[PDB]
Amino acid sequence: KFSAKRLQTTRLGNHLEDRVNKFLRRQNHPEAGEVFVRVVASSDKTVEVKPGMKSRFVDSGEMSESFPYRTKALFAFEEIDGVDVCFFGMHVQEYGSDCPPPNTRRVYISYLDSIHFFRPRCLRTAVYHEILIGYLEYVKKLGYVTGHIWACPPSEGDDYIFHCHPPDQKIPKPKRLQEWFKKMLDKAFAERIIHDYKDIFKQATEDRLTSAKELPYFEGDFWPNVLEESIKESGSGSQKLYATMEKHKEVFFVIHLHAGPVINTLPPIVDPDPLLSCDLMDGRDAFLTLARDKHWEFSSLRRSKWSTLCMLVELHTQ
């Protein structure tokens, strides 16, 4: 069977799915179909500190040369007209309790994408927020302490996950996307899922951050390349770092899942799900490449239904 439901289930996927369908049952809209959330790939990686930061801080013994993390790719599918339609995807990076500072017990959303065919339309945004809120709730329970978001919308024609978006699906500019995450986090706050969130500038200030080595270092994030430039441009760049953090502060969220002294007393983070080896969905380039090479577009509902079928056949028949 090629259905989204028969894709391998996980605790993480089930938690998100249960939250979404719970919310949909409260809404009682007759157009809404069942939602399936599936983790389709999961692997362990390391991000290596780039050469400039490495020469300054790693070789003097002040910073780890690399940080291990688990990366997960997940998809949400909805029943529409009796078939599965993939409508949302997200990749995450999880730096567990064996990861050295400054990354210990942190999660980072690498990127997220969607195709706007969720039915009914009036519930689409709410469903996206429930998935994100569910993810924060889950990693909090496992023992992650801080979550990180970079609110950077794609450039015109740069598909993040889904090849060929619908032509009439508008791309939010930074201001709209920032408020969209704020709305999501405000709802997470009201449910006691997060303790607070802050911008990166306010966070560094409260932490009295004085060196670039204290800034969490994530694969593909803004800051490692900024830091390479600060070291090339050139002495202590800490003053300029605060100007850079301040200039871009609205787009960089720091989310506190736990706060206070408990954060140094938590048990080890042990992931109850196995890794899921799926080269096609690990990273974004493979799936984009495959869809491009096979003319799998998501630019209308009919094409999205077809491309979802083809993706499910690929996922099942490795």
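Residue indices: 1-based, along the sequence shown.
Q: Using the PDB record, quantify the missing residues of the deposited sequence between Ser234 and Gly235 as none, 1 to 3, 4 to 9, or 10 or more.
A: The entry has 1 to 3 unmodelled residues between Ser234 and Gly235.
Q: Averaging CA B factors per stretch from the PDB record, which one is higher: 112 to 120 or 237 to 245?
A: Higher mean C-alpha B-factor in the PDB entry: 237 to 245.
Q: Quick check on the record: does 123 to 131 or 166 to 174 carry the larger mean Cα temperature factor?
A: Result of the comparison: 166 to 174.
Q: Using only the C-alpha B-factors in the record, can you name which of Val47, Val262, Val39, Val254 has the highest?
A: Of the options given, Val262 has the highest CA B-factor in the PDB entry.
Q: Looking at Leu24, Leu12, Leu301, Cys310, which has the highest CA B-factor as recorded?
A: Max CA B-factor in the entry, restricted to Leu24, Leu12, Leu301, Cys310: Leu24.
Q: Select lowest, middle or highest to describe the third in which the CA B-factor of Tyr69 falls within its chain in this entry.
A: For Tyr69, whose C-alpha B-factor we compare with every modelled residue in the chain, the answer is the lowest third.
Q: Determine, from the deposited record, the chain-internal third of the Cα B-factor for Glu62: lowest, middle or highest.
A: It falls in the middle third of the chain.
Q: Quick check on the deposited entry: does the C-alpha B-factor of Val226 sit in the lowest, middle or highest third of its chain?
A: Highest third.
Q: Within this chain's modelled residues, let me know which third the CA B factor of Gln203 belongs to: lowest, middle or highest.
A: Middle third - that is where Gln203 ends up once the chain's C-alpha B-factors are sorted.
Q: Of the three thirds of its chain by CA temperature factor, lowest, middle or highest, which one includes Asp84?
A: For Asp84, the deposited C-alpha B-factor lands in the middle third.
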